[PDB]
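Student: Sharing query.pdb (PDB, C-alpha atoms) below.
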MODEL        1
ATOM      1  CA  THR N1061       5.567  65.261 -80.091  1.00  0.00           C
ATOM      2  CA  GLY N1062       5.503  68.068 -77.534  1.00  0.00           C
ATOM      3  CA  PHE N1063       2.111  69.692 -78.114  1.00  0.00           C
ATOM      4  CA  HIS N1064       0.144  70.979 -75.123  1.00  0.00           C
ATOM      5  CA  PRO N1065      -3.536  70.175 -75.770  1.00  0.00           C
ATOM      6  CA  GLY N1066      -4.984  72.908 -73.579  1.00  0.00           C
ATOM      7  CA  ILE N1067      -5.495  70.599 -70.585  1.00  0.00           C
ATOM      8  CA  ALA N1068      -3.675  70.218 -67.277  1.00  0.00           C
ATOM      9  CA  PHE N1069      -3.370  67.340 -64.825  1.00  0.00           C
ATOM     10  CA  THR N1070      -3.009  67.094 -61.049  1.00  0.00           C
ATOM     11  CA  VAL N1071      -0.787  64.172 -60.075  1.00  0.00           C
ATOM     12  CA  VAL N1072      -1.564  62.213 -56.895  1.00  0.00           C
ATOM     13  CA  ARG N1073       0.593  59.483 -55.377  1.00  0.00           C
ATOM     14  CA  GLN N1074       0.685  57.719 -52.022  1.00  0.00           C
ATOM     15  CA  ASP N1075       3.766  56.644 -50.072  1.00  0.00           C
ATOM     16  CA  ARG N1076       4.482  54.470 -47.049  1.00  0.00           C
ATOM     17  CA  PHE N1077       7.116  55.041 -44.372  1.00  0.00           C
ATOM     18  CA  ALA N1078       8.192  52.844 -41.465  1.00  0.00           C
ATOM     19  CA  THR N1079       7.649  54.555 -38.120  1.00  0.00           C
ATOM     20  CA  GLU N1080       8.445  53.935 -34.458  1.00  0.00           C
ATOM     21  CA  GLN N1081       5.423  54.634 -32.294  1.00  0.00           C
ATOM     22  CA  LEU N1082       5.263  55.235 -28.552  1.00  0.00           C
ATOM     23  CA  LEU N1083       2.354  53.696 -26.642  1.00  0.00           C
ATOM     24  CA  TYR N1084       1.127  54.759 -23.206  1.00  0.00           C
ATOM     25  CA  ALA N1085      -1.482  52.988 -21.092  1.00  0.00           C
ATOM     26  CA  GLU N1086      -2.955  53.874 -17.715  1.00  0.00           C
ATOM     27  CA  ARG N1087      -2.967  51.566 -14.709  1.00  0.00           C
ATOM     28  CA  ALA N1088      -5.613  48.826 -14.722  1.00  0.00           C
ATOM     29  CA  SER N1089      -6.953  49.833 -18.125  1.00  0.00           C
ATOM     30  CA  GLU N1090      -7.985  46.299 -19.101  1.00  0.00           C
ATOM     31  CA  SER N1091      -9.782  43.391 -17.456  1.00  0.00           C
ATOM     32  CA  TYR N1092      -8.446  40.072 -18.721  1.00  0.00           C
ATOM     33  CA  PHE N1093     -10.062  36.699 -17.998  1.00  0.00           C
ATOM     34  CA  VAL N1094      -7.994  33.586 -18.718  1.00  0.00           C
ATOM     35  CA  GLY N1095      -9.519  30.190 -19.421  1.00  0.00           C
ATOM     36  CA  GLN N1096      -7.987  26.721 -19.224  1.00  0.00           C
ATOM     37  CA  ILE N1097      -5.447  25.053 -21.501  1.00  0.00           C
ATOM     38  CA  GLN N1098      -7.034  22.163 -23.394  1.00  0.00           C
ATOM     39  CA  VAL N1099      -5.055  19.712 -25.522  1.00  0.00           C
ATOM     40  CA  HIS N1100      -6.108  18.329 -28.893  1.00  0.00           C
ATOM     41  CA  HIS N1101      -4.019  16.024 -31.057  1.00  0.00           C
ATOM     42  CA  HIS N1102      -3.899  15.096 -34.725  1.00  0.00           C
ATOM     43  CA  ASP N1103      -1.712  13.392 -37.300  1.00  0.00           C
ATOM     44  CA  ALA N1104       0.812  14.960 -39.655  1.00  0.00           C
ATOM     45  CA  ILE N1105       3.747  14.006 -41.869  1.00  0.00           C
ATOM     46  CA  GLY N1106       5.505  11.280 -39.916  1.00  0.00           C
ATOM     47  CA  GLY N1107       4.329  12.052 -36.393  1.00  0.00           C
ATOM     48  CA  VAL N1108       1.347  12.924 -34.228  1.00  0.00           C
TER      49      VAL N1108
ATOM     50  CA  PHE D  50      24.068  23.724 -41.124  1.00  0.00           C
ATOM     51  CA  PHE D  51      20.704  22.005 -41.132  1.00  0.00           C
ATOM     52  CA  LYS D  52      17.589  23.291 -39.392  1.00  0.00           C
ATOM     53  CA  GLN D  53      15.033  20.974 -40.979  1.00  0.00           C
ATOM     54  CA  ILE D  54      14.150  19.599 -37.536  1.00  0.00           C
ATOM     55  CA  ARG D  55      11.135  21.773 -36.703  1.00  0.00           C
ATOM     56  CA  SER D  56      10.563  19.393 -33.780  1.00  0.00           C
ATOM     57  CA  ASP D  57       9.392  17.011 -36.516  1.00  0.00           C
ATOM     58  CA  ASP D  58      12.568  15.217 -35.500  1.00  0.00           C
ATOM     59  CA  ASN D  59      12.611  11.948 -37.304  1.00  0.00           C
ATOM     60  CA  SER D  60      15.897  10.237 -38.197  1.00  0.00           C
ATOM     61  CA  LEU D  61      17.062  11.482 -34.803  1.00  0.00           C
ATOM     62  CA  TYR D  62      16.279   8.002 -33.447  1.00  0.00           C
ATOM     63  CA  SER D  63      18.500   5.731 -35.549  1.00  0.00           C
ATOM     64  CA  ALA D  64      21.307   3.771 -33.893  1.00  0.00           C
ATOM     65  CA  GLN D  65      22.665   1.554 -36.666  1.00  0.00           C
ATOM     66  CA  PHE D  66      26.363   0.806 -36.264  1.00  0.00           C
ATOM     67  CA  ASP D  67      29.163  -1.362 -37.616  1.00  0.00           C
ATOM     68  CA  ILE D  68      30.996  -3.999 -35.600  1.00  0.00           C
ATOM     69  CA  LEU D  69      34.323  -5.798 -35.976  1.00  0.00           C
ATOM     70  CA  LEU D  70      33.599  -9.363 -34.908  1.00  0.00           C
ATOM     71  CA  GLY D  71      37.274 -10.190 -34.435  1.00  0.00           C
ATOM     72  CA  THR D  72      40.607 -10.762 -36.117  1.00  0.00           C
ATOM     73  CA  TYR D  73      42.390 -13.958 -37.120  1.00  0.00           C
ATOM     74  CA  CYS D  74      46.100 -14.340 -37.859  1.00  0.00           C
ATOM     75  CA  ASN D  75      48.227 -17.420 -38.460  1.00  0.00           C
ATOM     76  CA  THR D  76      51.752 -18.602 -37.680  1.00  0.00           C
ATOM     77  CA  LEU D  77      54.592 -20.047 -39.742  1.00  0.00           C
ATOM     78  CA  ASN D  78      55.909 -23.500 -38.865  1.00  0.00           C
ATOM     79  CA  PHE D  79      59.662 -22.860 -38.809  1.00  0.00           C
ATOM     80  CA  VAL D  80      61.091 -26.072 -40.262  1.00  0.00           C
ATOM     81  CA  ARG D  81      64.562 -27.278 -39.315  1.00  0.00           C
ATOM     82  CA  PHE D  82      66.310 -29.088 -42.150  1.00  0.00           C
ATOM     83  CA  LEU D  83      68.230 -31.450 -39.890  1.00  0.00           C
ATOM     84  CA  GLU D  84      64.935 -32.687 -38.411  1.00  0.00           C
ATOM     85  CA  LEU D  85      63.670 -33.916 -41.793  1.00  0.00           C
ATOM     86  CA  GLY D  86      63.829 -37.421 -43.208  1.00  0.00           C
ATOM     87  CA  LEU D  87      65.952 -36.217 -46.104  1.00  0.00           C
ATOM     88  CA  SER D  88      68.964 -35.068 -44.054  1.00  0.00           C
ATOM     89  CA  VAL D  89      70.352 -38.630 -43.947  1.00  0.00           C
ATOM     90  CA  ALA D  90      71.815 -38.197 -47.438  1.00  0.00           C
ATOM     91  CA  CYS D  91      74.182 -35.244 -46.939  1.00  0.00           C
ATOM     92  CA  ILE D  92      77.047 -34.676 -44.512  1.00  0.00           C
ATOM     93  CA  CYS D  93      76.278 -31.119 -43.463  1.00  0.00           C
ATOM     94  CA  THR D  94      79.209 -29.105 -42.108  1.00  0.00           C
ATOM     95  CA  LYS D  95      79.373 -25.383 -41.432  1.00  0.00           C
ATOM     96  CA  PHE D  96      82.434 -23.617 -42.795  1.00  0.00           C
ATOM     97  CA  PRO D  97      82.705 -19.863 -42.085  1.00  0.00           C
TER      98      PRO D  97
ENDMDL
END
Written as structure tokens, that's how I'd like the structure from this file.
Tutor:
Amino acid sequence: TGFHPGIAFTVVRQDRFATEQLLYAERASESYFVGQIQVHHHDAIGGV
Amino acid sequence: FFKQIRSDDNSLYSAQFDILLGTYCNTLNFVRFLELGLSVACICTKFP
């Protein structure tokens, strides 16, 4: 009904925007060991 | 459009077909009246 009961509020809300970031990486900044492709099989709808 | 083959790809290996095993027609035996056994009774005579 439009009565101000002697109290005040501080509203807080949080948004979310889509960005476009810009990565940079120095030379030889990662050592990467690669294993060996192994194959496993299993059944499914219709086929293996 | 149909994408539903997610490499699940069944019904890609059907080869049912229909075949026409031939045709068969007949002929009409053209009968000559003056070759009958009845033609002995009338004296046929063309008259243009």
Student: Please report as JSON lines every residue of chain D lying within 12 Å of chain N, along with the nearest atom pair and their distance in Å (one decimal), using only C-alpha atoms.
Tutor:
{"residue": "D:55", "atom": "CA", "partner": "N:1107", "partner_atom": "CA", "distance": 11.9}
{"residue": "D:56", "atom": "CA", "partner": "N:1107", "partner_atom": "CA", "distance": 10.0}
{"residue": "D:57", "atom": "CA", "partner": "N:1107", "partner_atom": "CA", "distance": 7.1}
{"residue": "D:58", "atom": "CA", "partner": "N:1107", "partner_atom": "CA", "distance": 8.9}
{"residue": "D:59", "atom": "CA", "partner": "N:1106", "partner_atom": "CA", "distance": 7.6}
{"residue": "D:60", "atom": "CA", "partner": "N:1106", "partner_atom": "CA", "distance": 10.6}
Student: Just the number, please: distance in Å from atom CA of residue 1101 of chain N to atom CA of residue 54 of chain D, one decimal.
Tutor: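 Taking atom CA of residue 1101 of chain N as the start and atom CA of residue 54 of chain D as the end point, the length is 19.6 Å.
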Student: What gap, in Å, lies between atom CA of residue 63 of chain D and atom CA of residue 51 of chain D?
Tutor: 17.3 Å
Student: Please compute the atom CA of residue 53 of chain D-atom CA of residue 66 of chain D distance, one decimal, in Å.
Tutor: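 Taking atom CA of residue 53 of chain D as the start and atom CA of residue 66 of chain D as the end point, the length is 23.6 Å.
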